[PDB]
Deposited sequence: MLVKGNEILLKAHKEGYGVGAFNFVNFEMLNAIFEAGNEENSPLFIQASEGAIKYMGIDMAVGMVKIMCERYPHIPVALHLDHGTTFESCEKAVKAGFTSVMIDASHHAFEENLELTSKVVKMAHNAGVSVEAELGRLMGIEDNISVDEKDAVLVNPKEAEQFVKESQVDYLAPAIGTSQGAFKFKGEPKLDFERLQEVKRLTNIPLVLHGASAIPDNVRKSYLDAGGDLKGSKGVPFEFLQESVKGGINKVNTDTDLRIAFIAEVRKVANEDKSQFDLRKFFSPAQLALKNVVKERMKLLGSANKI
């Protein structure tokens, strides 16, 4: 059912596994994510960016998720505002029925990040909603700042900057994350931690995109082994979007290429869903949330 984000991530935190947090922008993405969680017996963090909310309308974002939760009532599901940029955005999401919100104030200095995060926390906690915040920028996180930040804000989960970035082009050179920094943040905060920009661009997904004529020149994701190490170091929420988009659109491109007369939307989007679903299933197994319901 639909639950406070902390309910899912406190369990992941105590038991030492990661829960993928999967972005969606429409029905097909959402359906594939839920079918993956059903088939792997995994809790689900469903998240929507501000741009996805603008695209769907917040009433449809929440409404579709509530329908899906009722279709799969045995699955723990949190609905999360990804990278909220203002207090007002977070409050709108709380009012609309989100059960988790992120405020990203990491571009501010410590004191202003802490003040704004604390304001969001007060509002969200009064409504029974969990909160995520972010600290560090690609300076990386200062673990002693993280300790104080968490204690004074009462934020439920923290995204510490340790070297990732969003999108398909994460590293110009070799992938590198600061796992010593991660472990220190974890030791000092003892709360669930969040990894942003955690897509891997799996080889089979890349191959499908390229086979269909797509271009991923220069792309580099987070290696599977880095994701596993991140979870071993205390990451409990793993933000995943790019992988889902590439797998989905690879299949759309393939259908377009192989039949110029095909215009039934279902013929494009059923194989697209299947590819997205399979990415999510494999990721749930990798992060350790499979068979946790």
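- Stretch of the deposited sequence lacking C-alpha coordinates, numbered from 1: 139 to 152 only.
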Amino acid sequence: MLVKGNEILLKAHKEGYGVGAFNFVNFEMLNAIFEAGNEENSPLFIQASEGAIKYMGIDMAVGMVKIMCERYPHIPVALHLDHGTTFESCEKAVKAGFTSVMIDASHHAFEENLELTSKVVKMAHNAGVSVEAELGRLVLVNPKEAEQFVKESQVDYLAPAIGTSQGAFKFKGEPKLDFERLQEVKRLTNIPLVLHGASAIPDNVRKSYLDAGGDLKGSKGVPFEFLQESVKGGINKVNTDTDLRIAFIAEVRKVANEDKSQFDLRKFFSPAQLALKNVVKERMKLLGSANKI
From here on, numbers count along this sequence of modelled residues.
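- Legend: mean Cα B-factor per stretch from the PDB entry, 128 to 136 versus 163 to 171; the higher mean is in 163 to 171.
- Higher average CA B factor: 202 to 210, of the stretches 91 to 99 and 202 to 210.
- Of the candidates 192, 218, 84, 76, the PDB record gives 218 the highest C-alpha temperature factor.
- Taking only the listed residues 181, 80, 196, 71, the entry reports the highest CA temperature factor at 181.
- Ranked against the other modelled residues of its chain, the C-alpha B-factor of residue 8 as given in the entry falls in the lowest third.
- In the deposited entry, the Cα temperature factor of residue 261 places it in the highest third of its chain's modelled residues.
- Annotation for residue 241: CA B-factor lies in the lowest third of the chain's modelled residues.
- Ranked against the other modelled residues of its chain, the C-alpha B-factor of residue 120 as given in the entry falls in the lowest third.
- Ranked within its chain, residue 104 lands in the middle third, by CA B factor from the PDB record.
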